[PDB]
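Structure record follows, encoded as structure tokens.
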Amino acid sequence: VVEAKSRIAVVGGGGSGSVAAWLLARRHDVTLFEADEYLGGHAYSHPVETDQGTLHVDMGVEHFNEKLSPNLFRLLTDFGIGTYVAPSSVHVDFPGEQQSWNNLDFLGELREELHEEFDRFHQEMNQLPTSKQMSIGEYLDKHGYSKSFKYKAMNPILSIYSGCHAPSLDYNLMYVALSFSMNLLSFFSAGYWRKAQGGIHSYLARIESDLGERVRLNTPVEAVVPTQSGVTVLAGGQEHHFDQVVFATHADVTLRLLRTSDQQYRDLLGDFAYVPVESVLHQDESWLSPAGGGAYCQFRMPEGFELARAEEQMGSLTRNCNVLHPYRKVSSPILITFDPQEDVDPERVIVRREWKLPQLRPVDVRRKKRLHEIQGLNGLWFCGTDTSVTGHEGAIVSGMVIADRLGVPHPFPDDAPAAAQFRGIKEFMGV
Amino acid sequence: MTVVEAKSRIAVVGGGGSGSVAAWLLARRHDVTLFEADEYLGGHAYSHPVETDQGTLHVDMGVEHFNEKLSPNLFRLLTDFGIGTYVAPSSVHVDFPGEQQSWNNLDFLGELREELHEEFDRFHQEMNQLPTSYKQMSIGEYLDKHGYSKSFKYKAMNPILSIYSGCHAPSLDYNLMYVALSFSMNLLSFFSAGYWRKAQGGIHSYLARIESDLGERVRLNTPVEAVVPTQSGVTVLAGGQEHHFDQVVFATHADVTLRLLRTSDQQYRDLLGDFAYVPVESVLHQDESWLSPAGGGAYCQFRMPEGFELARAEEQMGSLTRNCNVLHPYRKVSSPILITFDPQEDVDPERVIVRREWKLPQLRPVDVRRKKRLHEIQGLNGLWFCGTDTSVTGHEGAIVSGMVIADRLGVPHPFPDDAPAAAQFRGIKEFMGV
Ligand SMILES: Cc1cc2nc3c(=O)[nH]c(=O)nc-3n(C[C@H](O)[C@H](O)[C@H](O)COP(=O)(O)OP(=O)(O)OC[C@H]3O[C@@H](n4cnc5c(N)ncnc54)[C@H](O)[C@@H]3O)c2cc1C
Ligand SMILES: Cc1cc2nc3c(=O)[nH]c(=O)nc-3n(C[C@H](O)[C@H](O)[C@H](O)COP(=O)(O)OP(=O)(O)OC[C@H]3O[C@@H](n4cnc5c(N)ncnc54)[C@H](O)[C@@H]3O)c2cc1C
Ligand SMILES: CCCNC(=O)[C@H](O)[C@@H](O)C(=O)NCCC
Ligand SMILES: CCOC(=O)[C@H](C)C(C)=O
Ligand SMILES: [Ca+2]
Ligand SMILES: [Ca+2]
Ligand SMILES: [Ca+2]
Ligand SMILES: [Ca+2]
Ligand SMILES: [Ca+2]
């Protein structure tokens with residue numbers, strides 16, 4: 001039971017928090033706390049100086065579609081932010097001579113070896129959504145796919161979203177099925193993908209401007225204490241009082257900040273699974289695949305791979321930003337290596353970033369759904385990646401869902417797919 | 001409305017995909033005779049044997065594309081016949097007269113790509129956003145109203161639509177939703193090869209099986225000359241003989257249907273008259289000169305000859321080539337296997353394997369409206385109509401229309417378990433008016 005013009009705090013300045021604060025700001029007194037020096041979190045664009053001018057390179061969140069991300073798209077559109085097609089072309093390289101396969105054509109020894117399996121996979125995945133809670137790994141095993149397919153094709157292609165470190169093979173089937181079914185990932189063609197003009201940051205910079213002074217950068221919240229009068233927030237050596245609090249931070253962070261003598265919170269937010277990611281923005285051209293170049297996503301496997309004990313060895317994924325259409329005139333290399341197994345030359349490094357991605361096993365999905373129990377109690381609310389469906393659309397729409405619960409309705413009722421997303425995420429979240 | 005019973009003497013006129021599938025389903029419950037003018041079953045679905053060093057191959061000269069999502073009934077049918085399928089992605093390369101005046105969906109090379117990239121980009125967005133939100137408008141009209149360049153219309157849109165309308169087609173007059181959905185469903189794209197499948201050993205493989213199942217009932221080289229309903233039934237005149245049937249199913253083009261049909265009713269002329277067609281000449285050849293120098297690797301190769309003249313674009317040429325060597329099962333074949341549709345340039349005759357001449361229906365909003373209207377004459381004088389001109393575009397629509405008729409005559413939809421195949425069936429049934 002929330003009255004208008006309440007004092008509301010939003011903890012976490014990532015996509016979900018920023019969009020939640022921004023929508024909440026219309027009807028309530030809103031304050032947004034953010035630990036780091038910018039808004040976005042995983043949505044980060046780093047300025048790179050080049051012969052064409054200053055480019056803002058997306059190191060984390062970078063992909064969406066008008067179909068997959070309707071709310072994010074309408075938002076970018078309403079902000080006069082242009083988008084552009086950056087197709088998901090993939091090149092996978094293995095230690096043996098010509099042990100490769102790619103999205104664009106049929107070249108490589110690995111392509112020869114696995115072609116029939118790639119072919120059956122697409123069919124099976126397209127036929128699957130029709131006529132559930134099973135891992136991709138389980139599926140591949142029961143449907144007689146080779147171990148070589150699992151580790152030389154499936155695991156590398158899934159690394160683009162999941163990160164090379166991820167136990168991707170343990171992720172729910174529908175997530176993989178739909179990534180194929182909706183041409184996001186393919187073995188035969190580059191996936192239909194878009195990026196935002198001047199980086200993903202552009203939409204967040206606008207939100208920051210709209211919120212102005214309500215945004216508290218470099219203000220990590222240390223504790224959240226509900227009381228009888230209202231919730232108390234401790235941040236930057238000050239105590240702030242609020243009617244309600246919205247957590248837009250990771251479940252592990254939420255729990256660390258959250259201070260209550262209730263152990264339901266420990267049950268619900270305890271041991272959410274995460275995957276660490278190290279994003280390396282660099283100019284070391286040695287990372288490009290000799291046979292690779294032209295492909296956007298370049299996966300490389302180090303020398304001592306060994307198919308038996310495939311799990312111990314890990315791969316490295318590189319984004320070749322030069323391939324991006326707006327970066328076509330740039331003379332200097334712009335590369336992003338995630339979790340580089342081999343050392344990246346330090347003289348060529350621009351910046352490093354360290355994040356953690358949530359795991360997507362059917363158990364993790366079940367864990368996420370269960371939060372509706374604590375939704376709205378002690379004047380607390382939870383949005384973000386850990387409370388919603390995977391991807392940026394899911395993160396920001398969870399923020400939207402909470403704003404609707406606090407009076408500010410879904411801002412795009414006209415956009416039928418955006419309303420469809422909203423309704424879907426609302427059903428998924430306990431709200 | 002109508003009463004039909006078991007073991008009726010039923011004739012199916014036209015041995016194309018629609019007719020063959022209709023006869024095949026009908027044969028279960030009725031005495032069925034299938035009349036086919038040509039020496040084989042399939043019509044547009046034709047696979048020609050080519051002898052190569054690696055093996056003897058059946059090359060699809062028409063009707064080579066489908067996929068499991070778009071064509072559920074055709075797919076389940078191929079599957080039930082133990083016919084394998086394989087991914088043949090729709091890679092496209094377009095060539096124009098000027099130096100490096102090209103664009104392709106595999107990469108960003110070419111001067112045409114540089115000139116048109118931003119338009120390709122906006123088009124995909126606009127097309128993806130359209131279905132979710134009028135219906136009766138041509139692609140050309142849409143492109144004009146949404147400020148797309150004339151260069152986009154004739155150097156990009158018209159060539160890419162040439163893939164399955166044919167180079168001669170007034171493709172720009174075709175309905176918007178057909179183009180919107182071709183893009184929306186990754187069948188056609190400017191950024192990636194479309195997701196398409198081909199049938200193992202040619203498209204003919206499924207028809208050869210149907211022909212075997214039908215056996216004797218199939219009367220090849222038996223063009224029907226006239227169809228005469230009477231008070232007792234319907235009389236069919238074919239191959240200098242008169243056959244009597246309880247009901248007749250037309251699985252042929254409306255212009256053919258009308259020519260054969262003879263009644264003292266002018267509703268039939270109103271309904272089947274004015275069906276618009278586009279001629280296609282499919283040339284199976286080995287002349288390697290037809291491949292684009294910059295092109296090769298792309299499956300579909302479009303070439304615009306010298307003296308194009310953008311202002312006089314509407315009356316302009318266009319030649320589309322399929323480079324079959326690019327197909328995965330044809331990878332070890334040493335000899336070239338090319339198909340040029342409507343070649344403007346003189347093709348070397350010593351390199352020609354065979355030619356085929358067909359006519360494709362037009363897809364303007366008016367033509368679509370014309371197709372739906374055929375529900376008026378459906379079931380009258382013991383007559384039934386199925387095929388391309390009575391249904392949605394593509395092979396799935398054609399065969400499914402035959403199935404819809406079969407259900408009307410007792411034989412229900414053979415794949416109720418396959419939810420998408422049943423969904424198609426239901427959709428086509430509503431479209432057809434039965
Ligand atoms: C490398 C990488 C690539 C990705 N690529 C894509 C992609 O292409 N497409 C896509 O759809 N998704 C992608 N994602 C998914 C991504 O996780 C989400 O899209 C989105 O960023 C989630 O937003 P969020 O706010 O819920 O989490 P986050 O973006 O991580 O937001 C959490 C925020 O909380 C802040 N915070 C932490 N501690 C405190 C504290 N004590 N007090 C206050 N604030 C605090 C953090 O500083 C951060 O700003 C990617 C993620 C990563 C890591
Ligand atoms: C070059 C070409 C390429 C195509 N490619 C594709 C593709 O990739 N994918 C796709 O989905 N569709 C494709 N199509 C669409 C195609 O038209 C339909 O898929 C399919 O032909 C529908 O079959 P139909 O039986 O209704 O027509 P048709 O296949 O043309 O069948 C008509 C039949 O009637 C016969 N007939 C004619 N006169 C008589 C008579 N007097 N008596 C008896 N029988 C007669 C003809 O000989 C023929 O066999 C293509 C068509 C062409 C021409
Ligand atoms: C939304 C309609 C999608 N249908 C198609 O693209 C057709 O099946 C296409 O493959 C085709 O062959 N159309 C008829 C012209 C040959
Ligand atoms: C099916 C949704 O897939 C996604 O959006 C993934 C998880 C990304 C782009 O991180
Ligand atoms: Ca990643
Ligand atoms: Ca460079
Ligand atoms: Ca590329
Ligand atoms: Ca130039
Ligand atoms: Ca698409």
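Identifiers in this document derive from the order of the structure tokens: chains are assigned A, B, ..., residues are numbered from 1 separately in each chain, and ligands are numbered from 1 in order of occurrence.
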All residues having an atom within 12 Å of ligand 8 (only C-alpha atoms and all ligand atoms) as a PyMOL selection string
(chain A and resi 328-329) or (chain B and resi 99-101+108-115)
May I have the selected residues written with N, CA, C and O atoms, as an mmCIF file, in the first residue's frame?
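See again-v6.cif below for the written result:
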data_model
loop_
_atom_site.group_PDB
_atom_site.id
_atom_site.type_symbol
_atom_site.label_atom_id
_atom_site.label_comp_id
_atom_site.auth_asym_id
_atom_site.auth_seq_id
_atom_site.Cartn_x
_atom_site.Cartn_y
_atom_site.Cartn_z
ATOM 1 N N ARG A 328 34.526 0.968 -39.463
ATOM 2 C CA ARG A 328 35.160 0.586 -40.731
ATOM 3 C C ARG A 328 36.318 1.477 -41.182
ATOM 4 O O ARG A 328 37.236 0.974 -41.832
ATOM 5 N N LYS A 329 36.254 2.786 -40.882
ATOM 6 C CA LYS A 329 37.289 3.742 -41.276
ATOM 7 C C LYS A 329 38.447 3.871 -40.270
ATOM 8 O O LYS A 329 39.470 4.472 -40.615
ATOM 9 N N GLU B 99 32.052 -0.322 -61.952
ATOM 10 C CA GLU B 99 33.196 -0.902 -61.239
ATOM 11 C C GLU B 99 32.868 -1.078 -59.746
ATOM 12 O O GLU B 99 32.563 -0.098 -59.055
ATOM 13 N N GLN B 100 32.915 -2.348 -59.278
ATOM 14 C CA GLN B 100 32.630 -2.777 -57.905
ATOM 15 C C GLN B 100 31.221 -2.392 -57.424
ATOM 16 O O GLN B 100 31.009 -2.141 -56.232
ATOM 17 N N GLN B 101 30.258 -2.365 -58.353
ATOM 18 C CA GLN B 101 28.879 -2.012 -58.064
ATOM 19 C C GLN B 101 28.154 -3.260 -57.634
ATOM 20 O O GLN B 101 27.352 -3.819 -58.385
ATOM 21 N N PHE B 108 30.151 -6.874 -45.990
ATOM 22 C CA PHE B 108 29.889 -5.469 -46.284
ATOM 23 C C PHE B 108 30.675 -4.901 -47.462
ATOM 24 O O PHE B 108 30.759 -3.680 -47.611
ATOM 25 N N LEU B 109 31.185 -5.764 -48.328
ATOM 26 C CA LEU B 109 31.922 -5.293 -49.483
ATOM 27 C C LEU B 109 31.031 -4.814 -50.619
ATOM 28 O O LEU B 109 29.863 -5.210 -50.735
ATOM 29 N N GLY B 110 31.609 -3.945 -51.438
ATOM 30 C CA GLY B 110 30.973 -3.403 -52.623
ATOM 31 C C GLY B 110 30.544 -1.966 -52.482
ATOM 32 O O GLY B 110 30.131 -1.543 -51.400
ATOM 33 N N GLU B 111 30.611 -1.223 -53.601
ATOM 34 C CA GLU B 111 30.213 0.182 -53.688
ATOM 35 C C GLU B 111 28.714 0.353 -53.478
ATOM 36 O O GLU B 111 28.297 1.354 -52.893
ATOM 37 N N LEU B 112 27.911 -0.643 -53.920
ATOM 38 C CA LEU B 112 26.461 -0.633 -53.726
ATOM 39 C C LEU B 112 26.117 -0.782 -52.267
ATOM 40 O O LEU B 112 25.179 -0.133 -51.796
ATOM 41 N N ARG B 113 26.896 -1.619 -51.546
ATOM 42 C CA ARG B 113 26.740 -1.791 -50.111
ATOM 43 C C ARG B 113 26.987 -0.446 -49.427
ATOM 44 O O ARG B 113 26.125 -0.007 -48.681
ATOM 45 N N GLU B 114 28.120 0.229 -49.727
ATOM 46 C CA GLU B 114 28.471 1.546 -49.181
ATOM 47 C C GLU B 114 27.349 2.557 -49.359
ATOM 48 O O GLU B 114 26.927 3.179 -48.384
ATOM 49 N N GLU B 115 26.824 2.660 -50.597
ATOM 50 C CA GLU B 115 25.742 3.551 -51.000
ATOM 51 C C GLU B 115 24.415 3.259 -50.285
ATOM 52 O O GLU B 115 23.728 4.199 -49.874
#
Environment of ligand 9 within 7 Å, counting only C-alpha atoms and all ligand atoms, reported as a PyMOL selection string
(chain A and resi 182-183+192) or (chain B and resi 183-186)
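The space between atom CA of residue A:244 and atom CA of residue A:430 spans 17.6 Å.
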For residue A:71, please output as a list in words all residues within 7 Å (counting only C-alpha atoms; exclusion window: fewer than 4 positions along the same chain).
residues 75, 393 and 418 of chain A
Take the residues just selected and output them with N, CA, C and O atoms as a short mmCIF file (atom, residue, chain, number, x, y, z; two decimals), in the first residue's frame.
data_model
loop_
_atom_site.label_atom_id
_atom_site.label_comp_id
_atom_site.auth_asym_id
_atom_site.auth_seq_id
_atom_site.Cartn_x
_atom_site.Cartn_y
_atom_site.Cartn_z
N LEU A 75 12.58 2.72 -26.07
CA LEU A 75 13.28 3.64 -25.18
C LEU A 75 14.38 4.36 -25.95
O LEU A 75 14.42 5.59 -25.92
N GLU A 393 16.75 -6.68 -21.84
CA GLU A 393 15.30 -6.47 -21.91
C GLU A 393 14.66 -6.94 -20.59
O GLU A 393 13.91 -6.18 -19.99
N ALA A 418 6.09 -4.70 -26.58
CA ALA A 418 6.65 -4.16 -25.34
C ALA A 418 5.70 -4.43 -24.17
O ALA A 418 6.17 -4.80 -23.09
#
Atom CA of residue A:83 sits from atom CA of residue B:150 at a separation of 23.4 Å
Determine, using only C-alpha atoms, which residues of chain A have any atom at most 7 Å from an atom of chain B, and tabulate each with its shortest atom pair and distance in Å to one decimal place, rows ordered by chain and then rising number, as a Markdown table.
| residue | atom | partner | partner_atom | distance |
| --- | --- | --- | --- | --- |
| A:66 | CA | B:125 | CA | 6.8 |
| A:67 | CA | B:128 | CA | 6.8 |
| A:84 | CA | B:121 | CA | 6.5 |
| A:85 | CA | B:121 | CA | 6.3 |
| A:87 | CA | B:191 | CA | 6.9 |
| A:104 | CA | B:106 | CA | 6.8 |
| A:119 | CA | B:87 | CA | 6.4 |
| A:123 | CA | B:68 | CA | 6.8 |
| A:126 | CA | B:69 | CA | 6.8 |
| A:130 | CA | B:419 | CA | 6.8 |
| A:131 | CA | B:419 | CA | 6.5 |
| A:188 | CA | B:89 | CA | 6.9 |
| A:189 | CA | B:193 | CA | 5.6 |
| A:190 | CA | B:192 | CA | 5.5 |
| A:416 | CA | B:132 | CA | 6.6 |
| A:417 | CA | B:132 | CA | 6.8 |
Would you mind exporting C-alpha atoms of the selected residues as a PDB file, in the first residue's frame?
ATOM      1  CA  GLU A  66      13.619  -4.718 -31.999  1.00  0.00           C
ATOM      2  CA  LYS A  67      11.804  -8.137 -31.660  1.00  0.00           C
ATOM      3  CA  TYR A  84      22.690  -0.549 -36.342  1.00  0.00           C
ATOM      4  CA  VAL A  85      22.943  -4.192 -37.394  1.00  0.00           C
ATOM      5  CA  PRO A  87      25.573  -9.567 -37.173  1.00  0.00           C
ATOM      6  CA  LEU A 104      29.727 -17.599 -42.651  1.00  0.00           C
ATOM      7  CA  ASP A 119      22.412 -29.541 -39.474  1.00  0.00           C
ATOM      8  CA  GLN A 123      16.196 -28.868 -37.090  1.00  0.00           C
ATOM      9  CA  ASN A 126      13.426 -25.329 -34.381  1.00  0.00           C
ATOM     10  CA  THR A 130       6.394 -26.892 -30.133  1.00  0.00           C
ATOM     11  CA  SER A 131       4.810 -30.053 -28.558  1.00  0.00           C
ATOM     12  CA  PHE A 188      24.878 -21.604 -40.856  1.00  0.00           C
ATOM     13  CA  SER A 189      24.387 -17.826 -40.749  1.00  0.00           C
ATOM     14  CA  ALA A 190      25.301 -14.716 -38.762  1.00  0.00           C
ATOM     15  CA  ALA A 416       1.990  -4.437 -28.401  1.00  0.00           C
ATOM     16  CA  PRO A 417       5.314  -6.471 -28.120  1.00  0.00           C
TER      17      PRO A 417
END
8 Å shell around ligand 4 using only C-alpha atoms and all ligand atoms, listed as a ChimeraX atom specification
/A:61-64,68,160-162,175-176,178-179,184,389-393
Serialized selection, N, CA and C atoms, as a PDB file, in the first residue's frame:
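What landed in out_39.pdb:
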ATOM      1  N   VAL A  61      27.438  -5.308 -21.914  1.00  0.00           N
ATOM      2  CA  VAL A  61      26.150  -5.379 -22.632  1.00  0.00           C
ATOM      3  C   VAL A  61      26.303  -4.677 -23.977  1.00  0.00           C
ATOM      4  N   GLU A  62      25.942  -5.359 -25.073  1.00  0.00           N
ATOM      5  CA  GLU A  62      26.054  -4.730 -26.383  1.00  0.00           C
ATOM      6  C   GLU A  62      24.989  -5.166 -27.394  1.00  0.00           C
ATOM      7  N   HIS A  63      24.245  -6.245 -27.123  1.00  0.00           N
ATOM      8  CA  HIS A  63      23.295  -6.770 -28.089  1.00  0.00           C
ATOM      9  C   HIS A  63      21.856  -6.805 -27.683  1.00  0.00           C
ATOM     10  N   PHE A  64      21.011  -6.575 -28.709  1.00  0.00           N
ATOM     11  CA  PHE A  64      19.558  -6.542 -28.664  1.00  0.00           C
ATOM     12  C   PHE A  64      18.975  -6.543 -30.090  1.00  0.00           C
ATOM     13  N   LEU A  68      13.289  -8.966 -29.910  1.00  0.00           N
ATOM     14  CA  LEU A  68      13.730  -9.518 -28.630  1.00  0.00           C
ATOM     15  C   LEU A  68      13.689  -8.510 -27.477  1.00  0.00           C
ATOM     16  N   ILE A 160      29.529 -16.630 -26.066  1.00  0.00           N
ATOM     17  CA  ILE A 160      29.267 -15.226 -26.424  1.00  0.00           C
ATOM     18  C   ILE A 160      28.417 -14.499 -25.365  1.00  0.00           C
ATOM     19  N   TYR A 161      27.398 -15.178 -24.832  1.00  0.00           N
ATOM     20  CA  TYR A 161      26.524 -14.586 -23.823  1.00  0.00           C
ATOM     21  C   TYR A 161      27.014 -14.986 -22.452  1.00  0.00           C
ATOM     22  N   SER A 162      27.253 -16.297 -22.296  1.00  0.00           N
ATOM     23  CA  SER A 162      27.536 -16.923 -21.028  1.00  0.00           C
ATOM     24  C   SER A 162      28.909 -16.635 -20.471  1.00  0.00           C
ATOM     25  N   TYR A 175      16.445 -21.809 -23.301  1.00  0.00           N
ATOM     26  CA  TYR A 175      17.310 -20.658 -23.546  1.00  0.00           C
ATOM     27  C   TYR A 175      18.160 -20.880 -24.821  1.00  0.00           C
ATOM     28  N   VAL A 176      18.754 -22.085 -24.975  1.00  0.00           N
ATOM     29  CA  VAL A 176      19.557 -22.480 -26.146  1.00  0.00           C
ATOM     30  C   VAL A 176      18.633 -22.674 -27.371  1.00  0.00           C
ATOM     31  N   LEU A 178      15.614 -21.415 -28.055  1.00  0.00           N
ATOM     32  CA  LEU A 178      15.138 -20.104 -28.508  1.00  0.00           C
ATOM     33  C   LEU A 178      16.234 -19.227 -29.107  1.00  0.00           C
ATOM     34  N   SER A 179      17.506 -19.343 -28.641  1.00  0.00           N
ATOM     35  CA  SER A 179      18.636 -18.590 -29.206  1.00  0.00           C
ATOM     36  C   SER A 179      18.880 -19.035 -30.648  1.00  0.00           C
ATOM     37  N   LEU A 184      19.447 -16.021 -33.213  1.00  0.00           N
ATOM     38  CA  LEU A 184      20.363 -15.216 -32.404  1.00  0.00           C
ATOM     39  C   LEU A 184      21.717 -15.886 -32.519  1.00  0.00           C
ATOM     40  N   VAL A 389      14.072 -12.724 -16.359  1.00  0.00           N
ATOM     41  CA  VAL A 389      14.520 -13.486 -17.524  1.00  0.00           C
ATOM     42  C   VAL A 389      15.871 -12.876 -17.946  1.00  0.00           C
ATOM     43  N   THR A 390      16.691 -13.687 -18.597  1.00  0.00           N
ATOM     44  CA  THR A 390      18.000 -13.312 -19.101  1.00  0.00           C
ATOM     45  C   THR A 390      17.935 -12.166 -20.121  1.00  0.00           C
ATOM     46  N   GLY A 391      19.056 -11.457 -20.255  1.00  0.00           N
ATOM     47  CA  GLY A 391      19.198 -10.335 -21.169  1.00  0.00           C
ATOM     48  C   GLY A 391      18.715  -9.017 -20.609  1.00  0.00           C
ATOM     49  N   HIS A 392      19.265  -7.927 -21.172  1.00  0.00           N
ATOM     50  CA  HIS A 392      18.985  -6.530 -20.852  1.00  0.00           C
ATOM     51  C   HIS A 392      17.515  -6.181 -20.842  1.00  0.00           C
ATOM     52  N   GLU A 393      16.747  -6.682 -21.844  1.00  0.00           N
ATOM     53  CA  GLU A 393      15.301  -6.468 -21.907  1.00  0.00           C
ATOM     54  C   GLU A 393      14.655  -6.942 -20.589  1.00  0.00           C
TER      55      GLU A 393
END
Could you pull the residues within 12 Å of residue B:98, counting only C-alpha atoms, minus those fewer than 6 positions along the same chain, as a PyMOL selection string?
chain B and resi 110-112+303-309
I'd like the contact shell of residue A:380 - 7 Å cut-off, only C-alpha atoms, skipping same-chain residues fewer than 5 positions apart - returned as a PDB file with C-alpha atoms, in the first residue's frame.
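Saved as selection.pdb:
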ATOM      1  CA  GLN A 244      10.280   2.173   0.400  1.00  0.00           C
ATOM      2  CA  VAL A 245      13.483   0.612  -1.042  1.00  0.00           C
ATOM      3  CA  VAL A 246      14.030  -0.983  -4.473  1.00  0.00           C
ATOM      4  CA  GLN A 375       8.353  -8.840  -2.805  1.00  0.00           C
TER       5      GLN A 375
END
Quick one: distance from atom CA of residue A:221 to atom 48 (C, counted along the ligand's line) of ligand 1 in Å, one decimal?
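We find that atom CA of residue A:221 and atom 48 (C, counted along the ligand's line) of ligand 1 lie 11.6 Å from each other.
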Among stretch 164-300 of chain B, which ones does DSSP place in strand (DSSP E), written as a count of residues only?
35
Please report, as number ranges by chain, each residue of stretch 195-409 of chain A to which DSSP assigns alpha helix (DSSP H) when run on this structure's backbone.
A: 201-211, 251-257, 264-269, 362-369, 392-405
Take the residues from that selection and write them out as a PDB file, in the first residue's frame, keeping C-alpha atoms.
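Just written: selection-v1.pdb:
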ATOM      1  CA  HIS A 201      25.882   4.061 -22.517  1.00  0.00           C
ATOM      2  CA  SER A 202      23.987   6.649 -24.658  1.00  0.00           C
ATOM      3  CA  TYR A 203      20.551   5.610 -23.225  1.00  0.00           C
ATOM      4  CA  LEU A 204      21.895   5.641 -19.650  1.00  0.00           C
ATOM      5  CA  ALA A 205      23.583   9.080 -20.115  1.00  0.00           C
ATOM      6  CA  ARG A 206      20.142  10.389 -21.062  1.00  0.00           C
ATOM      7  CA  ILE A 207      18.519   8.742 -17.933  1.00  0.00           C
ATOM      8  CA  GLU A 208      21.301  10.311 -15.774  1.00  0.00           C
ATOM      9  CA  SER A 209      20.486  13.776 -17.258  1.00  0.00           C
ATOM     10  CA  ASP A 210      16.677  13.299 -16.674  1.00  0.00           C
ATOM     11  CA  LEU A 211      17.279  12.294 -13.052  1.00  0.00           C
ATOM     12  CA  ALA A 251      21.131 -11.200  -4.963  1.00  0.00           C
ATOM     13  CA  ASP A 252      24.526 -11.758  -3.193  1.00  0.00           C
ATOM     14  CA  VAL A 253      24.983  -7.911  -2.945  1.00  0.00           C
ATOM     15  CA  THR A 254      21.260  -7.459  -1.900  1.00  0.00           C
ATOM     16  CA  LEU A 255      21.797 -10.005   0.945  1.00  0.00           C
ATOM     17  CA  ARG A 256      25.135  -8.405   2.089  1.00  0.00           C
ATOM     18  CA  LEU A 257      23.461  -4.923   2.234  1.00  0.00           C
ATOM     19  CA  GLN A 264      13.758 -16.314   4.833  1.00  0.00           C
ATOM     20  CA  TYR A 265      15.935 -13.645   3.122  1.00  0.00           C
ATOM     21  CA  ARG A 266      19.036 -15.868   3.658  1.00  0.00           C
ATOM     22  CA  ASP A 267      17.024 -18.850   2.136  1.00  0.00           C
ATOM     23  CA  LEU A 268      15.862 -16.814  -0.885  1.00  0.00           C
ATOM     24  CA  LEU A 269      18.997 -14.768  -1.706  1.00  0.00           C
ATOM     25  CA  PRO A 362      16.853 -24.746 -14.520  1.00  0.00           C
ATOM     26  CA  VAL A 363      17.560 -24.553 -10.710  1.00  0.00           C
ATOM     27  CA  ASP A 364      18.773 -20.890 -11.011  1.00  0.00           C
ATOM     28  CA  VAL A 365      15.607 -20.038 -13.029  1.00  0.00           C
ATOM     29  CA  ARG A 366      13.460 -21.650 -10.250  1.00  0.00           C
ATOM     30  CA  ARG A 367      15.441 -19.637  -7.644  1.00  0.00           C
ATOM     31  CA  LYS A 368      14.673 -16.387  -9.495  1.00  0.00           C
ATOM     32  CA  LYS A 369      10.951 -17.025  -9.646  1.00  0.00           C
ATOM     33  CA  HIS A 392      18.985  -6.530 -20.852  1.00  0.00           C
ATOM     34  CA  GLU A 393      15.301  -6.468 -21.907  1.00  0.00           C
ATOM     35  CA  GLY A 394      14.576  -8.709 -18.859  1.00  0.00           C
ATOM     36  CA  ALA A 395      16.699  -6.516 -16.524  1.00  0.00           C
ATOM     37  CA  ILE A 396      15.081  -3.139 -17.466  1.00  0.00           C
ATOM     38  CA  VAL A 397      11.517  -4.595 -17.758  1.00  0.00           C
ATOM     39  CA  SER A 398      11.903  -5.963 -14.141  1.00  0.00           C
ATOM     40  CA  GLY A 399      12.611  -2.312 -13.192  1.00  0.00           C
ATOM     41  CA  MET A 400       9.466  -1.287 -15.149  1.00  0.00           C
ATOM     42  CA  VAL A 401       7.372  -4.056 -13.390  1.00  0.00           C
ATOM     43  CA  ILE A 402       8.263  -2.599  -9.917  1.00  0.00           C
ATOM     44  CA  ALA A 403       7.506   0.981 -11.093  1.00  0.00           C
ATOM     45  CA  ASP A 404       3.999  -0.288 -12.165  1.00  0.00           C
ATOM     46  CA  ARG A 405       3.588  -1.868  -8.697  1.00  0.00           C
TER      47      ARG A 405
END
Using only C-alpha atoms and all ligand atoms, what are the residues with an atom within 12 Å of ligand 5, set out as a ChimeraX atom specification?
/A:42,58-63,156-166,168,275-280,297-299,315-319,336-340,354-358,391
Test item: residues at most 8 Å from stretch 212-216 of chain A, only C-alpha atoms, excluding those fewer than 5 positions along its chain, as a ChimeraX atom specification
/A:30-34
Residues contacting ligand 6 - anything with an atom at most 12 Å away, using only C-alpha atoms and all ligand atoms - can you give me those as a VMD selection string?
chain A and resid 50 to 51 283 to 286 288 293 to 294 320 to 324 327 to 335
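When only C-alpha atoms are used to measure the gap to residue B:162, the shortest distance among B:318, B:49, B:43, B:55 belongs to B:318.
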So which residues touch residue B:174 within 6 Å, counting only C-alpha atoms, skipping near sequence neighbours fewer than 4 positions away, as a PyMOL selection string?
chain B and resi 138+363-364
